[PDB]
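Notes to accompany the following structure.
Residue numbers begin at 1 in each chain, while the letters A, B, ... track the order of the sequences. Side chains included, hydrogens not; waters and symmetry mates left out as well; all remaining heavy atoms used.
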Amino acid sequence: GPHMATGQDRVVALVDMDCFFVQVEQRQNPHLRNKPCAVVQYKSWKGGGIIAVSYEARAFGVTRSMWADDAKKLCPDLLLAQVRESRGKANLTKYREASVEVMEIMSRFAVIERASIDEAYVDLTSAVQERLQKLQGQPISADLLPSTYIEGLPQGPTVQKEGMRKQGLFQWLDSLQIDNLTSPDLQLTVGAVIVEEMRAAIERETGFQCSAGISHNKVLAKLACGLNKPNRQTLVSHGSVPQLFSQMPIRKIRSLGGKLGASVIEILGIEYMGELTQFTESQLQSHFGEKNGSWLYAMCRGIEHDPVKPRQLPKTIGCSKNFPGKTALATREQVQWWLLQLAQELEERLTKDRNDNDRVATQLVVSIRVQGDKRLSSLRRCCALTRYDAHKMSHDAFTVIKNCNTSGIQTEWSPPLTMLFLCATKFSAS
DNA sequence: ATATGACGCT
DNA sequence: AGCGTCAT
Ligand SMILES: Nc1nc2c(ncn2[C@H]2C[C@H](O)[C@@H](COP(=O)(O)NP(=O)(O)OP(=O)(O)O)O2)c(=O)[nH]1
Ligand SMILES: [Mg+2]
Ligand SMILES: [Mg+2]
């Protein structure tokens, strides 16, 4: 009881842009705003692959990884914006720059960890302490939380969605202990006040809307964030966890969406995250290893200790392209030409990076995929990255993979290459 | 015929 | 180092 830690030590948020690439294209082109809209890359094969979908288009069943031609069957009036294409490949620069807009705003409030192109974790523990002293045990008004849901509420003894939201919020606020600066629920609440402010600033200054989760750790914040998308934020308290997890499929928790999660379900014969509480830590460790077992034992209780890393910038800078089916690269001159296209984009991005961020990459990782192999990568090799020069980088990349060629013929490259990937890594200050 | 980026294992 | 996992 009195010595059992409860993982209520931090206030952590996860901010995620709503249909991000779509919002970027909608800001630029007002004709797309408030429409069923999707963002696709390429266009020839079945109209392009969809990678972002507006909430209006989602209502018709349009999803990520759908071909545009297929999406149009679900949604005849679907509007499309295409990813820029440069040097014969998708060029994501517009979205990366839009991401930086958002991240720089977030960074004004607190330490952020860039988690993807459109989301960041925020460690609000300090900011919350500040704001709490700033306040004089002053009650928190529901007016400070106009887009916040409290997960699990309302409960106990309206038919509108906004109605429910306020009911739950009222119940939450009516029960808060505002004179105890160390109440975790109070700290979460103040955290949510700050995230309202953050989300307001992002929208005012960029035009982009986002959702957020506020809880005591990254996993719960990320889970919370998805509970009430779009344009809303969700507070998941420590106390909400038993009911929330009691029907929560294991695959919904970050890192359990793949094979480990499947084995948890398979080996233990369970479905829901809460069902994990019935196993001892040693049991879980026996099945899934020391780290995973410990992590699971704590997580199913709502406890997780992964820190918000102070890192706003990506650690690697890479470019890749798939060459599916018949388009697989079959000749030496083909492989070289595409390595060059990749290396030229990489040079551009690295030079920009060196100027903006005062660092230089020192290692170049070269990765390929051969026809027949259904892995992400067939093979990875590194070499020194000593100069930001596309021709040198592409020549080096070729050198470290040219032995993979099975062909005896000068011209030919067998087996044909279905993917090329160049990645700059191991940065140093500059 | 579905462009990236972080991290763990050995 | 090079491979595998998980993710957006
Ligand atoms: N090239 C490529 N881009 C992708 C992929 N997946 C996502 N992107 C891009 C496109 C996404 O816009 C962006 C953010 O990824 P999310 O946060 O998972 N989804 P979104 O923000 O669209 O909607 P919401 O969060 O409201 O559910 O990352 C992919 O598989 N490939
Ligand atoms: Mg998003
Ligand atoms: Mg995201």
Side-chain angles (χ1 to χ4, degrees), chain A residues 14-22 39-53 63-71 83-96 99 113-121 218-219 222 225-226 229 251-263 288-292 295 306-307 309 311 313-328 341-342 345-346 349 363-369 371 373-384 400-401 404 418-427:
Chain A
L14 185 273
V15 181
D16 191 277
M17 313 305 301
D18 297 331
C19 47
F20 186 46
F21 288 16
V22 168
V39 169
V40 305
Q41 26 189 27
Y42 306 112
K43 200 85 195 78
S44 288
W45 190 268
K46 301 175 179 179
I50 290 175
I51 60 172
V53 188
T63 64
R64 183 205 312 105
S65 90
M66 196 166 283
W67 298 113
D69 286 351
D70 293 336
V83 168
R84 177 182 187 187
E85 205 175 305
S86 298
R87 290 174 251 257
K89 66 176 298 288
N91 173 7
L92 306 172
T93 298
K94 186 197 298 177
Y95 314 111
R96 295 200 181 92
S99 175
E113 172 177 356
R114 178 202 200 265
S116 74
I117 204 165
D118 91 316
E119 79 213 69
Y121 293 92
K218 295 162 87 175
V219 163
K222 175 64 184 176
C225 180
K229 281 192 154 266
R251 70 181 172 275
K252 302 296 182 189
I253 277 66
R254 189 193 64 175
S255 78
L256 298 187
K259 294 180 178 186
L260 173 61
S263 68
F288 312 113
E290 186 180 322
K291 270 171 60 49
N292 289 340
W295 187 88
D306 187 40
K309 287 161 196 50
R311 195 192 66 240
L313 305 173
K315 316 162 68 114
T316 60
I317 294 190
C319 318
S320 74
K321 175 172 176 61
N322 286 0
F323 302 94
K326 96 150 201 300
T327 71
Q341 302 316 297
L342 286 179
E345 181 189 330
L346 186 58
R349 287 167 59 186
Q363 180 172 86
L364 177 72
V365 177
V366 190
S367 180
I368 66 178
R369 188 158 151 246
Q371 215 160 30
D373 195 346
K374 287 164 72 166
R375 291 177 290 167
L376 198 148
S377 164
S378 292
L379 177 130
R380 262 164 283 184
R381 299 280 191 272
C382 63
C383 61
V400 308
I401 70 165
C404 284
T418 52
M419 187 268 217
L420 295 176
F421 191 177
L422 294 183
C423 187
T425 72
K426 295 203 203 308
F427 288 85

Note to self: Distance check, rounded to the nearest 0.5 Å: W67(A) atom CH2 versus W45(A) atom CH2?
What the structure shows: 7.5 Å

Notebook entry, point to check: Counting only side-chain N and O atoms of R349(A), is one of them less than 4.0 Å from OP1 or OP2 of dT4(B)?
Noted result: yes

Notebook entry, point to check: With sugar-phosphate meaning primed atoms plus P, OP1 and OP2, does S320(A) contact a base, only sugar-phosphate, or nothing at under 4.0 Å between heavy atoms?
Noted result: base

Margin query: Measure CD1/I368(A) against P/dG2(C) and give the value in whole Å, please.
Written below: 13 Å

Check: Any ion pair linking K46(A) and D70(A) (charged N to carboxylate O, less than 4.0 Å)?
Finding: no

Notebook entry, point to check: Counting any heavy atom closer than 4.0 Å, what does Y42(A) reach on the DNA or RNA strands: base, sugar-phosphate only, or nothing?
Noted result: sugar-phosphate

Next item on the list: Go through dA1(C), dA3(B), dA1(B) for me and flag the one nearest to the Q41(A) side chain.
Entry: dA3(B)

Notebook entry, point to check: With a non-hydrogen cut-off below 4.0 angstrom, is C319(A) in contact with a base, only sugar-phosphate, or nothing?
Noted result: sugar-phosphate

Check: Whole Å only: how far is the CZ atom of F421(A) from the P atom of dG5(B)?
Finding: 7 Å

Check: Taking NZ, NE, NH1 and NH2 as the nitrogens, is one of them in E113(A) or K218(A) under 4.0 Å from a carboxylate oxygen of the other?
Finding: yes

Note to self: Test your reading of the model: is there a side-chain donor-acceptor pair from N91(A) to the backbone of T93(A), 3.5 Å cut-off?
What the structure shows: yes

Notebook entry, point to check: How long is the line joining CG of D373(A) and P of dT2(B), in whole Å?
Noted result: 16 Å

Check: Between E345(A) and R349(A), is there a side-chain N and carboxylate O pair less than 4.0 Å apart?
Finding: yes

Next item on the list: Give one of base, sugar-phosphate or nothing for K374(A), where a contact means two heavy atoms less than 4.0 Å apart.
Entry: nothing

Note to self: Can you see if the side chain of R96(A) gets near the phosphate of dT4(B) - specifically, an N or O under 4.0 Å from OP1 or OP2?
What the structure shows: yes

Check: Reckon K89(A) touches a base, only the sugar-phosphate, or nothing at all at heavy-atom distances under 4.0 Å?
Finding: sugar-phosphate

Next item on the list: Have a look at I317(A) and say if it touches a base, only the backbone sugar-phosphate, or nothing, with a 4.0 Å heavy-atom cut-off.
Entry: sugar-phosphate

Item checked: Touch class at under 4.0 angstrom, heavy-atom based, for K326(A) against every strand present -> nothing

Check: Taking atom P of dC7(B) as reference, at what distance in whole Å does atom CG of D306(A) sit?
Finding: 8 Å

Item checked: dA7(C) to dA1(B) separation - P atoms, rounded to the nearest Å -> 24 Å

Check: Taking CD from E290(A) and P from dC9(B), how many angstroms apart are they, rounded to a whole number?
Finding: 10 Å

Note to self: Could you go through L422(A) and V365(A), starting from their C-alpha distance and side-chain angles, then the distance that decides it, and tell me whether this counts as side chain to side chain contact (heavy atoms under 4.5 Å, CB included)?
What the structure shows: CA-CA 6 Å; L422(A) 294 183; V365(A) 177; over 6 Å; no

Checklist line | Per-nucleotide protein contact string for nucleotides 3-8 of chain C, where B marks a base within reach and S marks sugar-phosphate only (heavy atoms under 4.0 Å, - for neither) | finding: BBSBSS

Note to self: Can you measure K218(A) atom NZ to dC7(B) atom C1' for me and round it to whole angstrom units?
What the structure shows: 11 Å

Next item on the list: Report yes if a side-chain nitrogen or oxygen of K315(A) is closer than 4.0 Å to either non-bridging phosphate oxygen (OP1 or OP2) of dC7(B); otherwise report no.
Entry: yes

Check: Side-chain donor-acceptor pair under 3.5 Å between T425(A) and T316(A), yes or no?
Finding: no

Item checked: Nucleotide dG5(B), atom P - distance to NZ of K426(A) in whole Å -> 16 Å

Check: Hey, does the side chain of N322(A) come within less than 4.0 Å of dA1(B)'s phosphate (OP1/OP2), counting only N and O?
Finding: no

Check: When you look at CZ of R84(A), are more than 12 heavy atoms from neighbouring residues, nucleotides or ligands closer to it than 6.0 Å?
Finding: no

Margin query: Just the rounded figure in Å: distance from P of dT4(B) to CZ of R84(A).
Written below: 13 Å

